[PDB]
Amino acid sequence: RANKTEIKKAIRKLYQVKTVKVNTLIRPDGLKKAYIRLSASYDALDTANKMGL
Amino acid sequence: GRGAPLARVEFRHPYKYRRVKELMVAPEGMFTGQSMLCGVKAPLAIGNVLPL
Amino acid sequence: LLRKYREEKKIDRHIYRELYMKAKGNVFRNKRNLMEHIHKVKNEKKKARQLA
Amino acid sequence: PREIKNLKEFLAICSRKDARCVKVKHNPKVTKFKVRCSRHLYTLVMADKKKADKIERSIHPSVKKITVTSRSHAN
Amino acid sequence: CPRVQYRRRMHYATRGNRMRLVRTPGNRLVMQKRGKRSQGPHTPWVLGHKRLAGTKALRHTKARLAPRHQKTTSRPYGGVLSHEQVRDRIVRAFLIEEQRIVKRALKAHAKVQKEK
Amino acid sequence: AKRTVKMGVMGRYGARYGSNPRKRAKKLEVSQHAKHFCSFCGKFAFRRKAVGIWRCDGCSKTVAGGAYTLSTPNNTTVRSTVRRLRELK
Amino acid sequence: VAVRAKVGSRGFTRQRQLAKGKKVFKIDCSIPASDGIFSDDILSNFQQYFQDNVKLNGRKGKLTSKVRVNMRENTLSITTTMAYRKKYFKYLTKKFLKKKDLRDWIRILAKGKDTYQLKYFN
RNA sequence: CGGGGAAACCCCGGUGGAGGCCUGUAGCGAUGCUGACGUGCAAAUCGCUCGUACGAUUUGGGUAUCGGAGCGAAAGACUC
RNA sequence: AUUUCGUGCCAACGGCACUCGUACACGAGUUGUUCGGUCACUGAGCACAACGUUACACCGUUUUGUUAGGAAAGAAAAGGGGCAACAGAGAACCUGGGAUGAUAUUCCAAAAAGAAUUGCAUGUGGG
RNA sequence: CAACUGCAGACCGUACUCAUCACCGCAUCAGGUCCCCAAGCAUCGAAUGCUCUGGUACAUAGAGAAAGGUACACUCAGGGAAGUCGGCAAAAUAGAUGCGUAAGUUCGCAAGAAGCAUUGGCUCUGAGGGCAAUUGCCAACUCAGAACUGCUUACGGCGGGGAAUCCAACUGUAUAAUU
RNA sequence: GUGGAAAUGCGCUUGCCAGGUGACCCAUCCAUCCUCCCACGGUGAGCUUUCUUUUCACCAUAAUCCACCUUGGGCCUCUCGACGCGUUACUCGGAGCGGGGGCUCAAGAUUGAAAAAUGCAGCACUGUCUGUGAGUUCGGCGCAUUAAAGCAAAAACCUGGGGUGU
Ligand SMILES: [K+]
Ligand SMILES: [Mg+2]
Ligand SMILES: [Mg+2]
Ligand SMILES: [Mg+2]
Ligand SMILES: [Mg+2]
Ligand SMILES: [Mg+2]
Ligand SMILES: [Mg+2]
Ligand SMILES: [Mg+2]
Ligand SMILES: [Mg+2]
Ligand SMILES: [Mg+2]
Ligand SMILES: [Mg+2]
Ligand SMILES: [Mg+2]
Ligand SMILES: [Mg+2]
Ligand SMILES: [Mg+2]
Ligand SMILES: [Mg+2]
Ligand SMILES: [Mg+2]
Ligand SMILES: [Mg+2]
Ligand SMILES: [Mg+2]
Ligand SMILES: [Mg+2]
Ligand SMILES: [Mg+2]
Ligand SMILES: [Mg+2]
Ligand SMILES: [Mg+2]
Ligand SMILES: [Mg+2]
Ligand code: NA
Ligand code: NA
């Protein structure tokens with residue numbers, strides 16, 4: 001039930017990054033998936049390592 | 001669905017600043033641009049509306 | 001062909017009109033047929049003018 | 001895309017502070033300066049090879065300038 | 001050899017869905033939608049449906065964004081009537097008013113003459 | 001009468017519908033498609049457009065007339081009666 | 001089109017010609033002259049093979065000296081003032097290669113304007 | 001457009017493209033073989049042949065009228 | 001309504017066969033300011049409110065400019081609130097890609113491969 | 001108020017199919033099911049026959065001249081409806097061009113009435129146009145004619161006709177599954 | 001606000017009223033885009049017992065924008081016509097034909113920015129075209145023909161009449 005604007009603000013609060021685009025889809029099993037592109041000043045690989053991926 | 005042609009006549013509203021459009025059954029010889037007079041003091045001509 | 005001759009002034013407006021209606025009337029079979037008729041008409045006009 | 005006509009118009013556009021970069025294209029018998037501003041790409045086409053260098057050296061050092069070349073898939 | 005497919009999501013050939021065939025720089029043949037055309041400004045229908053001069057035929061979005069003088073002329077009743085119809089109204093206004101002034105004077109003078 | 005001896009415009013019907021019904025409809029068909037004199041502009045330019053509606057190609061006037069002819073004989077009598085009764089006052 | 005054709009004129013065709021003239025086509029055989037695949041005798045008949053097979057105005061074997069075949073420095077140069085297609089000499093070269101049974105050993109490509117050369121492949 | 005005629009008017013040749021017009025595809029139907037099948041491919045289908053094919057024509061979606069009732073160019077037709 | 005894709009698998013099933021499979025098992029896949037719909041139009045029509053009827057609303061009226069014996073407007077304006085078209089009206093985006101196993105006018109990042117068009121608020125210069 | 005510039009542009013759909021296997025017919029059933037794109041040659045051609053691109057070799061197979069069958073397969077001397085309730089079924093006519101065409105009639109038709117002739121291949125000739133300055137260059141296949149030469153009458157596709165009687169004027173509709 | 005004798009050209013805001021777009025889908029004819037043949041040329045493959053300057057494939061340019069010769073229609077002005085102009089075709093003209101010069105609308109063409117920096121084929125580099133004919137409902141003739149058959153509506157948007165402001 002979340003929308004794009006709420007997702008973008010939640011990401012910054014949780015991980016302290018700035019984004020440039022959010023794309024969403026609803027999966028066939030009912031879940032919602034989001035692709036989030038970070039700004040060039042932020043490294044997605046560095047953030048994923050901090051997350052624990 | 002109707003055999004008789006109809007006429008669109010345009011009057012002025014008696015009390016307001018607007019125009020009133022009416023739709024009547026046309027008598028023979030009626031033409032576009034003709035003047036229609038309706039009332040007690042109207043003359044006796046084809047297409048005019050008078051009290052009996 | 002008739003339009004070209006009128007522009008070049010080898011023919012005048014009187015003959016052009018007469019030949020225009022005869023072309024529509026199925027008188028001339030092809031381009032050569034029209035050209036021989038025009039010369040025949042023009043030669044007769046020369047004879048009448050020289051008689052005047 | 002818009003075309004610049006004379007030099008004095010080009011100097012004003014290149015000094016608009018909105019130019020991200022200036023792309024220089026070296027075509028045969030012509031050189032083109034393509035200024036990338038917001039909403040529009042302004043081009044200036046010069047048929048004289050000389051003083052086309054003069055503009056290249058006299059461009060503002062602050063703005064970024066690139067030479068357009070043919071890039072490959074791996075490039 | 002090449003055959004084409006609809007690229008948007010309406011697959012019926014109506015008057016509002018008309019396509020032209022275009023060859024791309026990649027050597028492909030695709031369908032591109034061509035829009036509807038307006039008929040442009042006209043004179044009033046009861047006065048004859050005549051296309052006005054000096055006005056362009058623009059669709060709803062283009063007409064809103066266009067400059068004003070593209071839809072009008074700089075004369076009274078600019079983008080509404082034609083020059084023949086403007087002349088008719090001016091002559092009608094002046095001549096009919098003249099008859100009222102003349103006939104009013106005649107009625108007044110005849111009454112005064114009769115009373116004396 | 002080069003193409004047809006007597007059928008005229010009804011030659012489009014072939015050998016159907018009978019000779020007398022075709023003759024009765026031919027008279028009204030000819031006048032309905034004819035060109036009638038316009039009193040407003042003095043031209044033979046009145047043509048029918050739907051039953052009882054006549055439009056002039058010259059002056060672009062529209063008149064309410066009768067079915068298959070611009071003016072009916074009953075209308076001519078009525079105009080004279082009304083004119084006399086108006087003049088009677 | 002304008003003139004209806006006849007069977008009697010089928011044999012011969014007009015060759016047409018260039019206004020400026022002096023157009024030269026070159027075929028280079030430096031690559032196989034580098035190795036032993038070719039031979040001087042093969043080069044000699046190559047000169048003759050082109051000399052008698054190139055047609056002129058629809059007929060073959062009779063040259064009016066408007067087409068010159070002489071070759072020097074392992075390069076066969078055709079100089080003519082008559083209109084020709086560059087592909088024609090590639091077609092003639094393929095015919096010669098097949099007759100000598102060398103189609104699977106030599107391939108012919110083009111560099112620029114009016115130049116062909118023979119190379120190996122692997 | 002040419003002829004004929006005192007007139008009323010009458011003839012030839014072109015042009016034009018009408019019609020619940022004709023032959024004939026797609027479409028919409030279903031005459032004959034009383035063909036095939038008749039525990040079928042099919043609780044009505046298959047093959048040739050056949051009717052019509054600019055009109056009272058064919059068709060998608062939406063909408064409106066039903067069981068002592070609805071609807072019917074009328075066969076006690078049709079209403080899962 | 002997962003039949004799509006990859007890997008595996010041959011018990012049952014595909015009226016014969018299978019090492020194949022729309023079968024079985026385990027994991028994956030559907031990305032939009034501009035595409036379709038809603039936002040935001042009327043049509044054949046429907047029937048909330050109001051009124052009337054009925055022992056009983058689970059009934060009738062409700063577009064021929066239009067509800068209701070009818071005080072339904074939150075500076076003049078008469079006539080309540082809605083729905084019904086993914087083929088009618090309306091509608092600001094195009095190519096290239098070495099960008100996939102499966103998605104793309106939806107993905108591409110500073111030389112955005114790029115070139116545009118349009119809706120809001122702001123700020124400067126003309127003012 | 002017109003330019004420019006900075007920022008932001010919400011929600012849902014998006015895989016696959018659309019059928020001789022993905023839908024409805026108990027099923028992977030020769031039945032049914034709306035829309036768009038549509039190449040070359042023959043030819044009047046969306047008829048019919050063959051082919052490049054794209055797509056398919058999937059529908060149980062092997063061996064193999066019994067009778068009797070089914071067929072979107074044929075041929076038969078002499079006769080030619082003698083068969084049968086009944087010419088049912090089959091045969092038969094056939095394209096195009098030139099000539100020619102009856103009774104009857106509501107004057108439109110009947111009419112492709114009926115009937116006769118020609119048709120291949122090869123080599124030529126004539127007619128039918130445009131643009132530039134009488135000349136030059138150039139394009140489209142249609143029609144007509146001639147000489148020579150040949151036939152085993154030789155793909156496909158394509159009306160049998162006439163003289164009368166009864167009924168209904170005509171086009172149309174109509175018992176889904178015996179009229 | 002302003003230019004031109006005119007058609008009409010160029011550069012503040014709308015209580016009320018009035019028009020327009022939306023908006024009505026055509027046989028025939030002409031026709032863009034597009035694909036299908038030819039002629040010339042470049043590149044690469046195919047056949048070669050014998051012939052074949054030959055057979056086959058490819059030769060591409062999206063939206064958006066700038067500047068401004070063909071066709072069809074409407075109109076102004078000068079000179080003012082009885083016979084004249086015009087279509088394949090059923091027309092037209094003192095209620096203003098035709099001719100000279102112009103204003104304007106629609107559909108196209110041409111120069112340029114985008115854009116060669118892309119794409120394609122052959123092997124780091126090479127090549128990277130135009131002109132004819134036939135077909136085909138965008139558009140045009142505000143189109144013929146049956147008609148006792150003869151314009152679906154509305155939102156949204158555009159312009160003007162008045163008024164206000166300078
Ligand atoms: K008969
Ligand atoms: Mg989405
Ligand atoms: Mg028929
Ligand atoms: Mg049976
Ligand atoms: Mg009974
Ligand atoms: Mg099995
Ligand atoms: Mg729509
Ligand atoms: Mg949309
Ligand atoms: Mg399909
Ligand atoms: Mg099936
Ligand atoms: Mg042929
Ligand atoms: Mg065919
Ligand atoms: Mg077929
Ligand atoms: Mg026998
Ligand atoms: Mg017997
Ligand atoms: Mg039979
Ligand atoms: Mg007779
Ligand atoms: Mg015959
Ligand atoms: Mg009957
Ligand atoms: Mg039955
Ligand atoms: Mg006179
Ligand atoms: Mg006179
Ligand atoms: Mg003039
Ligand atoms: Na309604
Ligand atoms: Na019929």
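Here is how names work: the chains are called A, B, and so on, in the same order as the sequence lines, proteins then strands, and each is numbered from 1.
- Nucleotides H:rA36 and J:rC72 have their P atoms positioned 12 Å apart, rounded to a whole Å.
- Here K:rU137 does not sit opposite K:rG101 as a base pair, Watson-Crick or G-U wobble, with both distances under 3.5 Å.
- A:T24 comes within contact range of the sugar-phosphate backbone alone, with a heavy-atom separation under 4.0 Å but no base atom that close.
- Entry note: K:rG1 and K:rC10 meet the pairing test, Watson-Crick or G-U wobble at under 3.5 angstrom for both distances.
- For the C1' atom pair drawn from H:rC80 and H:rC66, the interatomic distance equals 14 Å after rounding to whole Å.
- Geometry at J:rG136 and J:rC131 meets the Watson-Crick or G-U wobble definition, both required distances lying under 3.5 Å.
- No contact: D:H26 has no heavy atom under 4.0 Å from any strand.
- Nucleotide J:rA22 carries a south-puckered sugar, as indicated by a negative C1'-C2'-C3'-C4' torsion.
- When the nearest nucleotides of RNA chain J are assigned to G:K6 and F:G18 by heavy-atom distance, the more 5′-ward of the two goes with F:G18.
- Residues E:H42 and E:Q39 share a closest heavy-atom pair of CE1-O, 3.6 Å.
- C:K4 and C:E7 are not joined by a salt bridge, as no carboxylate oxygen comes within less than 4.0 angstrom of a charged side-chain nitrogen.
- Salt bridge annotation for F:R12-F:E29: present, with a cationic side-chain nitrogen under 4.0 angstrom from a carboxylate oxygen.
- For the pair G:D114 and G:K23, the salt-bridge criterion is met [side-chain N within less than 4.0 Å of a carboxylate O].
- The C1' atoms of J:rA139 and J:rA154 are separated by 40 Å, rounded to the nearest whole Å.
- The CZ-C1' distance, from E:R28 to K:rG119, rounds to 9 Å in whole Å.
- Pairing status of I:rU34 against I:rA116: a Watson-Crick or G-U wobble pair, both distances under 3.5 Å.
- Of the listed residues (E:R51, E:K71, E:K56), just one forms a side-chain contact (heavy atoms from CB on, under 4.5 Å) with E:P41, and that residue is E:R51.
- Heavy-atom nearest nucleotides on RNA chain J were determined for E:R9 and for E:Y6, and the one closer to the 5' end corresponds to E:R9.
- Nucleotides I:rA28 and I:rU4 meet the pairing criterion: a Watson-Crick or G-U wobble pair with both donor-acceptor distances under 3.5 Å.
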